[PDB]
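For reference, the structure is listed below as structure tokens.
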Amino acid sequence: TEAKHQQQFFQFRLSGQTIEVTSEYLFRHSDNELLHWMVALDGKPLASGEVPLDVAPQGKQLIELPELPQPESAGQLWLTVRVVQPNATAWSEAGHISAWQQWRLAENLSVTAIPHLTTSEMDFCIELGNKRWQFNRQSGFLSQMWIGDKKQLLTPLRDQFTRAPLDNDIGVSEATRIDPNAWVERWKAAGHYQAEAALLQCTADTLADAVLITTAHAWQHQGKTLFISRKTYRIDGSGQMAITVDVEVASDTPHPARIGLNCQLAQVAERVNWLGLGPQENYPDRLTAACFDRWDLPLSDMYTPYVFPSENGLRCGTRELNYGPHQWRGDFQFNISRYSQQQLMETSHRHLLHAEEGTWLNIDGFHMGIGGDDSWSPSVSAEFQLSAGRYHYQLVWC
Amino acid sequence: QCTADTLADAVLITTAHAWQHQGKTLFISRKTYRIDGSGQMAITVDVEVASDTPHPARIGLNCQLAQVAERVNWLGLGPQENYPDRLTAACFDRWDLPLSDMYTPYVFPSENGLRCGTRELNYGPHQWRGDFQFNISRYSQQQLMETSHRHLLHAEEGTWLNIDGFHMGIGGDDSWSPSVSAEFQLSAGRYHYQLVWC
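Now the structure itself:
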């Protein structure tokens, strides 16, 4: 789909209220072409239209949109155009989408019963109605969350800096010969897959309306600190737990594959619903074909069955993610599946993968590009590499 | 929003502002102030920028300190004025120049004297730590805007400090059309920086 979007025969420019459609066809007039346009706020359609495309080869057609909606509710207006072929051809059926494009229209910024903290030598417990939160004071992570008496976590929520290596990360390197310049080889040499978290700080403070949990960890490999993560957890009286993450990366360590969180949820749900770029798997350097919208796919659709297993299924630019009873909000990238990154790393064939007990969620503030110029040398461009020393992302869990 | 909470070892002040022009919110800044028992006040700033407003020239803080000091000491890129798209010549080091050296006397006054990549800044008794860009002088941005000649500028009562988490590029391909490259433009919607004052 990325190849399709980059190779499409219609280019689009947005000037104020006017869409300019340029034809890249050299010989044919757009005689089986129809432009559909939609405006949505957060995946909620507000306006929709249709004009017959009448553009000469290598020509232009200016399209005046009607008086567009001016909503007062907060959110980002999105304009999406599509080229749909009404009729059938020898190689396509009726309704075939051949080109598309999305723009951001005017944004409206958002202008708008106490959790009880219990302290023990081993844990930090926060209770708010039927919701409970457990923070292990030895690991410094949220070990468990309760809704009623049902566990929500199989694995604690922990920082993740690695991914199951892609074929581009491996790049010709093998256990026998080894290419020291490959990304996976540099990560293994630096000890990113073997880095151990050391609890630097863990303190809980009860504010006037919320419980504040401040944690700090250092990931070190053989007397060398690679990453430091300082986190804040704020559980308010509305049941929302906002997580603020600040991560420092040593300049002399190789750039990490991701700065995010990973956990194994105890629940398997049939549908994955999210507001963001989709509906297909997309990555920071392969997301032009993805459109911002509200997407609803089964959990199986969120996993890409690559024959050689690796990190897959990531969705970038996601503002809201819903999986069963859990909602995650912010600006993040995520992948969700029944396989863990460790299992994908250790398995060489996709038919040898087994679904695990729950669902593995990988929510990331920042993700490295996947490359693709070649698969024998590193090919991720520098602007897609997590080369900044310090990173920050926020997240809401409710 | 404006709320103060006393933690176990510190005082936490949480504020939120919205900058609006004719019923349109342009920027939202949410801040946290944490004053610990060591006298340090750590400031965390999170700023949202509306995607349909033009990209801001800077995301930072400004104040007028009451003290004029002879020397400006900082650890960062220097010792000359440098900007995000004009800092290759600047070297990271410890620099110590007089306050007059921190102001560039452009004949047509404008924003000037910025130092990027600064981890520590010392001016008199005040130390600022983090990762920021700053300019320091006796002239305010309003005075530089309203004055057309550098000989019509007058030193103000104290010192105007402009500490910035993020600063837009200055351009230079031409001076009749916009020439700042997109990667030097504050085009992200959300920005975050931290700062320590002690």
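Quick note, the sequences are listed as chains A and B, same order. Counting with the UniProt record's numbering, you get residues 619 to 730, 737 to 1022 for the letters of the first sequence. Per the UniProt record's numbering, the very first residue in the second sequence carries number 825; after that it's consecutive. We put the beta carbon where it would ideally sit given N, CA and C, even for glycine.
Asked, Found
"Please work out which residues of its chain come closer than 6 Å, Cβ to Cβ, to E725 (chain A), disregarding the five sequence neighbours upstream and downstream, and give them in chain order.", "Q694"
"So with Cβ pairs under 7 Å, would you call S924 (chain B) a contact of chain A?", "no"
"Buried or exposed: where does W1021 (chain A) fall if 16 or more other Cβ atoms within 10 Å of its Cβ makes it buried?", "buried"
"Let me check one thing: in DSSP terms, what residues is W709 (chain A) bridge-paired to?", "According to DSSP, which records beta bridges pairwise, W709 (chain A) is partnered with nothing at all."
"Could you give the first and the last residue of the continuous beta strand (DSSP E) run that contains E751 (chain A)?", "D747 to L752"
"Around the Cβ of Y963 (chain A), are there at least 16 other Cβ atoms within 10 angstroms (buried) or fewer (exposed)?", "buried"
"Give the residues of chain B in contact with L727 (chain A), contact being defined as C-beta atoms less than 7 Å apart.", "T849, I852, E872 and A874"
"Looking at the unbroken alpha helix (DSSP H) that takes in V808 (chain A), where does it start and where does it end?", "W807 to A814"
"Which residues, taken in chain order from the stretch 968-997 of chain A, show a beta carbon closer than 8 Å to some beta carbon of chain B?", "none"
"So if I threshold CB-CB distances at 8 Å, which residues from the stretch 879-910 of chain B count as touching chain A?", "none"
"Looking at chain B, is there any beta carbon in it that lies within less than 7 Å of the beta carbon of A724 (chain A)?", "yes"
"State the Cα-Cα distance for the pair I771 (chain A) and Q825 (chain A), rounded to the nearest angstrom.", "28 Å"
"Return the CA-CA distance between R953 (chain A) and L1019 (chain A), expressed in angstroms with no decimal places.", "6 Å"
"Going by beta carbon distance, what residues of the same chain come within less than 6 Å of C887 (chain B), once the five residues before and after it are set aside?", "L985"
"Any heavy atom of the ligand FAD closer than 6 Å to the CB of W655 (chain A)?", "In the structure on display, the ligand FAD does not appear, and there are no ligands present to speak of."
"For the candidate residues A:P663, A:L652 and A:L790, whose alpha-carbon lies nearest to that of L968 (chain A)?", "A:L790"
"Looking at C-alpha atoms only, which residue of A:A834, A:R1014 and A:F958 is the closest neighbour of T838 (chain B)?", "A:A834"
"Just the C-alpha distance for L836 (chain B) and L831 (chain A), rounded to the nearest angstrom, thanks.", "9 Å"
"Is the separation between the beta-carbon of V699 (chain A) and that of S716 (chain A) shorter than 7 Å?", "no"
"Per DSSP, what are the beta-bridge partners of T856 (chain B) in this structure?", "B:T838 and B:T868"
"Taking beta-carbon pairs under 7 Å, can you tell me which members of the stretch 636-662 of chain A lie near chain B?", "none"
"Name, please, each residue of chain B whose Cβ falls closer than 7 Å to the Cβ of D829 (chain A).", "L831 and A832"
"Reducing DSSP to helix, strand and coil, say where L923 (chain B) ends up.", "helix"
"Taking only beta carbons into account, state which residues of the stretch 1000-1022 of chain B come closer than 7 Å to chain A, listed in chain order.", "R1014 and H1016"
"With burial defined as no fewer than 16 other Cβ atoms inside 10 Å of the residue's Cβ, what is the status of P880 (chain A): buried or exposed?", "buried"
"Taking Cβ to Cβ, would you say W721 (chain A) is nearer than 7 Å to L632 (chain A)?", "yes"
"Quick one: Cα of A712 (chain A) to Cα of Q1009 (chain A), how far?", "42 Å"
"Against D917 (chain B), what residues of chain A qualify as contacts under a CB-to-CB distance less than 9 Å, listed in chain order?", "Simply none; closest approach about 17 Å."
"Return the CA-CA distance between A674 (chain A) and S641 (chain A), expressed in angstroms with no decimal places.", "7 Å"
"So, do the stretch 653-667 of chain A and the stretch 677-695 of chain A have three or more beta carbon pairs nearer to each other than 8 Å?", "yes"
"What separation, rounded to the nearest whole angstrom, lies between the Cα atoms of residue 731 (chain A) and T849 (chain A)?", "Between 730 and 737, chain A has no modelled residues, which means residue 731 (chain A) does not appear in the coordinates."
"For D955 (chain B), go through chain A and note every residue whose CB falls closer than 7 Å to its CB, in chain order.", "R1014"
"Mapping DSSP to helix, strand and coil, what is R962 (chain A)?", "coil"
"Under a three-way DSSP split, which group does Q624 (chain A) fall into?", "helix"
"Tell me which residue opens and which closes the beta strand (DSSP E) that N897 (chain A) is part of.", "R895 to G902"
"Measure the alpha-carbon distance for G1013 (chain B) versus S972 (chain B) and round it to whole angstroms.", "33 Å"
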